Structure formats: structure tokens, C-alpha cells
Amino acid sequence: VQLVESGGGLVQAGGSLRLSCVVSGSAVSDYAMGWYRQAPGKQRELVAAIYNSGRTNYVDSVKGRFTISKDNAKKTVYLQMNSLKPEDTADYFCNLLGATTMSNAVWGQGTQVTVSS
């Protein structure tokens, strides 16, 4: 299962970006996926999750601003990031839900997001 992230950039506070994660195989159609982020020198954290049923869950700090969705045909998980804040600056990664909990997790290259002033 390969993970390929894209969509980062440098934007002003209040701006918007759309991250995408293309997954090989049928994992998007069969398993819950999550978007994670790690700011320099801080611990990686789950930002948004989308379950097999289509149900979603977000950390309180992004609720109402970020929206996670998926397209089974395109094997892609999206993170629409609106009303970006400087606290959202981080490297963003997507992976199976439960990959971070297990030991010896494999991650992709990620995509970098910077929200300036």
C-alpha cells in the first residue's frame, strides 16, 4: 500500500488549500483513513478521520474549517483546509487509521503547509 500526498503550499492566514492522498489498491474503499500533521519539533497528531461508512471525525481545533472526504474511483482521500491559521503550519501525512497506533508504521513523503502572517 503506497501513499502519495500533494496539495501543500504557503498561504496567508485565512487562506485555503486542498490536500490529496492517492493510495494504491482498494484501501480507500475498504478501510478508514486519517490525515495527520506534525509541526517542527512537536509530536504528530491526527487531524481528521474518515471511516468506511463515510462518517468523519475531527480534532476540535479544525472542526468547521477542515473537511475530509474521499473518492473511491480515484483512490484518493482529500483534506479541504479553509480559514487556515498559523497554528495549522505543519507537514501533513495521510495513512490508514490505526497505522500510528501500531509499532513500525510506514509513512509517505507528506506535503508541507505554511500559514504565514
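Counting begins at 1, following the sequence as shown.
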property: Between 31-39 and 77-85 (mean CA B-factor, as deposited), the higher; result: 31-39
property: Given 20-28 and 96-104, the range whose Cα B-factors average higher in the PDB entry; result: 96-104
property: Chain third (lowest, middle, highest) by recorded CA B-factor, residue given as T67; result: lowest
property: Chain-wide C-alpha B factor ranking for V4, given as lowest, middle or highest third; result: middle
